[PDB]
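# Structural features, examined
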Amino acid sequence: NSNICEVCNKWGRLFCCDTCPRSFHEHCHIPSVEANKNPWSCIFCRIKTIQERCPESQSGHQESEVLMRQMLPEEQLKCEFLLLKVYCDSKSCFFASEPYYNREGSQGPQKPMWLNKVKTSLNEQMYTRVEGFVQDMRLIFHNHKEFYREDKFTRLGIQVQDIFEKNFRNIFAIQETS
Ligand SMILES: [Zn+2]
Ligand SMILES: [Zn+2]
Ligand SMILES: [Zn+2]
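Residues numbered from 1 in each chain as written, not as in the entry; some residues may be left out. Chains lettered and ligands numbered in written order. Heavy atoms only, no water. Residues with missing side-chain atoms left out of burial classes, pairs and counts.

The protein chain appears in the PDB entry as Nuclear autoantigen Sp-100 from Homo sapiens. The record lists its title as "PanDDA analysis group deposition -- Crystal Structure of SP100 after initial refinement with no ligand modelled (structure 19)".

This is the structure:
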């Protein structure tokens, strides 16, 4: 197995996947690495199994249909993986914890949102459809863009949203378009 966490790229107290060479900090993996279970399979492996069991699940889908899906176990998993793929980028640090807003010429968002809040919401089964999860994720980046206005820091929101959107299109097999 790898000797660094797949998500944050640091060493430490790592749990190793049994079916692939990735490793994780306990709370870096989503869901948090499970207490027992030998063997243990990571979320990457669990997602690959879904695909392998239903190869047609990789055919193109419309985003509008994906968003209306109820959060049954497979969609829960897919949203957990999508969240993890965002944490995998180091620029996620900016959006992880609860933000605060005191900048001359700007007013904070009406509905603040952050990664750790989304993480808690998934853990607590608060989303009933994929749409809930995707709306809160997109709100993170939209709040950022609106607040930071012409400051060049706005670009961090564009960058991490792009990671989100690419991974959303891949994990939910969104039909490719120009
Ligand atoms: Zn880690
Ligand atoms: Zn694995
Ligand atoms: Zn099948």
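Let us keep going from here.
In this section: the packing of aromatic side chains. What the rule picks out here adds up to 12 aromatic pairs. Residues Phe24 and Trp40 carry aromatic rings whose centres are separated by 6.1 Å and whose planes lie at 85° to one another, so their mutual orientation is edge-to-face. Here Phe24 is found in strand β2 (residues 23-25), whereas its partner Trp40 is found in the loop between β2 and α1 (43-53), with 16 residues between them in sequence. By the burial criterion, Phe24 is buried, and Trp40 matches it. Through pairs of rings, three or more aromatic residues link up here, namely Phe94, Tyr101, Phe147, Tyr148 and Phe153. Over the face of the ring belonging to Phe15 we find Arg13, whose NZ or CZ atom lies 4.3 Å from the ring centre. The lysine or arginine in question, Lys119, covers the ring of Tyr87, its NZ or CZ lying 4.5 Å from the ring centre. (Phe/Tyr/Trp six-rings, centres within 6.5 Å; stacked < 30°, edge-to-face > 60°. Helix = DSSP H or I, 4+ residues; strand = E, 2+ residues; numbered from the N terminus. Buried < 20%, exposed > 50% of the residue type's maximum accessible area, 1.4 Å probe, protein only. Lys NZ or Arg CZ within 6 Å of the ring centre and 35° of its normal.)

Where helix α3 (residues 73-87) meets helix α5 (residues 115-123), the axes come as close as 11 Å, and the angle between the chain directions of the two elements is 160°. Judged on the interaxial angle alone, α5 and α3 are roughly antiparallel. Judged by the twist between their axes, the crossing of α3 over α5 is left-handed. Judged by residue contacts, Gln76, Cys79, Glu80, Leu83, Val86 and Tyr87 of α3 engage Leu115, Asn116, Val118, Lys119 and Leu122 from α5. Class assignment for the residues of the contact of α3 with α5 results in 7 nonpolar, 2 polar and 2 charged. (Axes fitted to C-alpha atoms, helices over the stretch in contact; angles between N-to-C directions. Parallel < 35°, antiparallel > 145°, perpendicular 65-115°, else oblique. Left-handed = near helix turned anticlockwise from the far one by under 90°. Contact = heavy atoms within 4.5 Å. Nonpolar A, V, L, I, M, F, W, Y, C, P; charged D, E, K, R; others polar.)

We now examine the coordination of the zinc ion (ligand 2). Coordination sphere of the zinc ion (ligand 2), protein contribution only: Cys17 (SG), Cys20 (SG), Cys42 (SG) and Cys45 (SG), at 2.2 to 2.4 Å. Considering all 4 donor atoms around the zinc ion (ligand 2), angles at the metal cover 103 to 118° and the coordination shape is tetrahedral. Spacing between the donor residues of the zinc ion (ligand 2) along their common chain follows C-x2-C-x21-C-x2-C. With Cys20 in the loop between β1 (14-16) and β2 and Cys42 in the loop between β2 and α1, the pair connects residues that are 22 residues apart, well separated along the chain. (Donors = N, O, S within 2.8 Å, 3.2 Å for Na, K, Ca; no water. Tetrahedral: all angles 85-135°; square planar, octahedral: opposite > 155°, others 65-115°.)

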